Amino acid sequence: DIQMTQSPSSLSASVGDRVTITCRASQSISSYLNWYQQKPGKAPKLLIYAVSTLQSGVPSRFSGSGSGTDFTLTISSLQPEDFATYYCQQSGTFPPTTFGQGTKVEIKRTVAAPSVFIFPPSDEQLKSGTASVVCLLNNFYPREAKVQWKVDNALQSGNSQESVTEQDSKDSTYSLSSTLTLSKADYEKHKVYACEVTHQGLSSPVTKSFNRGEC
């Protein structure tokens, strides 16, 4: 099959920037090269048809060019709403049709420190033999954050799983959820459960904690 390769695979840019997404074909293709915008949790939306045809309701800041093996999608003035993964598609020697691997576009924004919250295991969960301790890092930028679990001030490892949301549509921040999983037995063995957060927005780490039992 004809292989479509996009560059870069990921990009971060500022509002007002002229951003370019490249699409290279493994062989020369005619003019049936189309561009898609896929927002998280949504189906792709067709932006550009046959190299350069702008679709209805697509802002004129989106434009396409290229020929042979090299194609470009240009966003002339990047907007916060342009956050998505972009795909190129060749459809001129059909069947089959092949797509590029995707280019995730991230919106650059001012530094925002997270709001840190700690959740003790519920009593309903403890009654079943497991203890899940949840730490929330809410609405921060940039994505890079360091979450450290400490049980009686001793750093934990291998007993936690992080999960990060996609860029917020309204403020371009991320949120993160870290879960510390322990047996009821190991949980009953210690007293202070701390979640320590390191981030560009914090002058010094932020620790949120609770003592098991007492409130």
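Just count from 1 along the sequence shown to find any residue number.
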*Mean C-alpha B-factor higher for 162 to 170, or for 46 to 54?*
162 to 170
*For the C-alpha atoms alone, is the average B factor greater in 67 to 75 or in 139 to 147, going by the entry?*
139 to 147
*Quick one: which of 35, 32, 62, 187 has the biggest Cα B-factor according to the entry?*
187
*Given 80, 100, 121, 92, the residue at which the Cα B factor reaches its maximum*: 121
*C-alpha B factor of residue 88, ranked within the chain: lowest, middle or highest third?*
lowest
*When the modelled residues of the chain are sorted by Cα temperature factor, does residue 96 land in the lowest, middle or highest third?*
lowest
*asked:* Ranking the modelled residues of this chain by C-alpha B-factor as given in the entry, is residue 204 in the lowest, middle or highest third?
replied: highest
_residue 5 - Cα temperature factor, lowest/middle/highest third of chain_ = lowest
*Among the chain's modelled residues, which third holds the C-alpha B-factor of residue 26?*
lowest
